[PDB]
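>>> Sequence and experimental coordinates follow.
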Amino acid sequence: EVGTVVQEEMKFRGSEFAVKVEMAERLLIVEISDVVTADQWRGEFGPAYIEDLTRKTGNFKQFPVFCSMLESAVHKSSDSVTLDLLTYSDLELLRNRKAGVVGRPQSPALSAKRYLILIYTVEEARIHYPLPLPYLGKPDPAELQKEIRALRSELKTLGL
Amino acid sequence: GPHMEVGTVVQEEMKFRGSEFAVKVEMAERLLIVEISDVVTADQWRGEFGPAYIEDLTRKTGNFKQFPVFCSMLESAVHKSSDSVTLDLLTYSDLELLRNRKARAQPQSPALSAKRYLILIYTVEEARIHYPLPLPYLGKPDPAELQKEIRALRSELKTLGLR
C-alpha cells in the first residue's frame, strides 16, 4: 500500500506553494509546487540522510520522529514546528546569521534548487533543519490528465 | 421521455483507429458538451451544442432526433450500454472521403485541419445513420491549471474518506 500523504498550500517569501509530504517506514518524499508557475522541486530522504542532517544542524532526531515533526508542520497542528522555503543564497545568509558570522559560485542547478526548512522550537530556541529539493521543472500535461482521470473515476466509484 | 440529466457527466476511455482517447460528455442546462482528449499527446477538442443545433443536425443528417433523445443516445454510446449506438472519431478529410465513397478541392484552414468529428452511429433496422459532431481543437491544457484540479480532487477524495 502507498505511504501516508499530507499536502497543504502556504505562502513562502511572496508566493503560494503546494507542499506535499509522503511518508513510509524508511522513506520521506517532499514535493513542492509553485501554484502559479507549476514549477516543481522534489527530494527523497532515507533514515541515514535525515539522522545525519539533524545532527549536522545541531539537534539529532530519529527518522520517524523527524517525519512526524514535518507532518505536524504541514498540518499546522503544532506551535513547535513551522516551515520556510529558501534559495541556497538565503540559506547561506541564515547560516551566517545563526553563527553570528559576517559573511562573504552557483551552478544553474544550484540556483534553481530550493530548501524546505523545518523550523523546530525548543525552549526559546529555533532549529532550522534544511531539506534540499532539486528543481524538477514543469510537469507533463498528458501525465497530469492521466492522474486527473484516475482521481475522478475513484470519486465516481466511491459515490455509487 | 429519455433524457440526460442536467449536471450529469460521463467520461470513458476508448480506442479510435488504434489510439486511446478519453471521451467526456456533459449535460449543462439546454447544452450538450462534448470533450475529447488524446491520452498520449494531451491534445484536446471540444464542442457545445444546443437543442436547435442538434435538432437541425439530425434532420440534415437524414433522421430527426429530439434534443434530449439525442443526448441520451450519446450518453449510452459513451457507456457502451446499447448495441444500437457506437462511436467513431474522424478528421474533416476522413469525413469527406467517406462522403464521396457513399455515392474535388476542399476548404483549407488551420481550424479545419485541427478539428475532429465525433460520429454518433445509430443503427435502426439494418440502416446506419452517422451523426457528425464537429469539435474545434483546443490545444494542450495548462500544467498550473491541471495541478490546481489535482489538488482539489485529492482534497475531495480525502473528505470522502470520512463517510
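Looks like it came in fine. Numbers count the residues shown, from 1 in each chain, chains lettered A, B, ... in the order given.

>>> The top helix by length along chain A close to chain B?
The residue-count maximum for a helix in chain A (DSSP state H) belongs to helix A:141-159. Yes - applying C-beta under 8 Å from any C-beta of the partner chain, one finds helix A:141-159 touching chain B at A:141-142, A:144-149, A:151-152, A:154-155, A:158. No exception for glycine: its C-beta is placed from N, CA and C like everyone else's.

>>> Mind giving me the PyMOL select for those, buried ones only?
Applying 16 or more other C-beta atoms under 10 Å in any protein chain shown to those leaves a buried subset, and the PyMOL line that selects it is:
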select buried, chain A and resi 141+142+144+145+146+147+148+149+151+152
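
>>> before we move on, the earlier item: report the distance from the longest helix of chain A to the chain centre.
25 Å (C-alpha atoms, centre = their mean, to the nearest Å).

>>> got a list of contacts for that helix?
For helix A:141-159, contacts defined as C-beta atoms under 8 Å, 6 or more residues apart in numbering or on different chains pick out B:11, B:13, B:22, B:37-42, B:140-143, B:146-147, B:149-150, B:153-154, B:156-157, B:160, B:163.

>>> and chain A, which of its residues are near chain B?
So chain A meets chain B at A:7, A:9, A:18, A:33, A:35-38, A:138-142, A:144-149, A:151-152, A:154-155, A:158 (C-beta under 8 Å from any C-beta).

>>> number of nearby residues for residue A:60?
Look at residue A:60: counted by other C-beta atoms under 10 Å in any protein chain shown, it has 13 neighbours.

>>> ah, wrong one, I meant residue A:99
Neighbours of residue A:99 using other C-beta under 10 Å come to 9.

>>> Could you do residue A:25 as well?
9.

>>> ok, now which ones touch it?
If you count contacts by C-beta under 8 Å, 6+ apart, residue A:25 has them with residue A:3.

>>> Distance check, it against chain B.
From residue A:25 across to chain B, the span is 22 Å (C-beta to the nearest C-beta, to the nearest Å).

>>> so where do the strands sit in chain A?
For chain A, applying DSSP state E gives strands covering A:4-12, A:15-24, A:27-34, A:40-45, A:81-86, A:114-122, A:125-133, A:135-137.

>>> can I get those strands in JSON lines with mean neighbour count?
Converted to JSON lines, the strands of chain A look like this (neighbours: other C-beta atoms under 10 Å in any protein chain shown):
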{"stretch": "strand A:4-12", "mean neighbour count": "15"}
{"stretch": "strand A:15-24", "mean neighbour count": "18"}
{"stretch": "strand A:27-34", "mean neighbour count": "20"}
{"stretch": "strand A:40-45", "mean neighbour count": "18"}
{"stretch": "strand A:81-86", "mean neighbour count": "19"}
{"stretch": "strand A:114-122", "mean neighbour count": "20"}
{"stretch": "strand A:125-133", "mean neighbour count": "17"}
{"stretch": "strand A:135-137", "mean neighbour count": "13"}
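
>>> so who does the spatially closest residue to residue A:7 that is not a sequence neighbour touch?
Spatially, and ignoring its direct neighbours in sequence, residue A:7 is nearest to residue A:20 (4.1 Å; C-beta to C-beta, 6 or more residues apart in numbering or on different chains). Listed by C-beta under 8 Å, 6+ apart, the contact partners of residue A:20 are A:5-7, A:29-33.

>>> Please apply the same query to residue A:16.
Counting by C-beta under 8 Å, 6+ apart, residue A:16 has contacts A:9-10, A:34-36.

>>> farthest pair in those?
Within those, A:10 and A:36 form the most distant pair, 13.7 Å apart (C-beta to C-beta).

>>> Next, give phi and psi for residue A:62.
phi -70, psi 150 (degrees, to the nearest 10).

>>> which non-adjacent residue is nearest it?
Distance criterion C-beta to C-beta, 6+ apart; nearest residue to residue A:62, sequence neighbours excluded, is residue A:51 at 6.6 Å.
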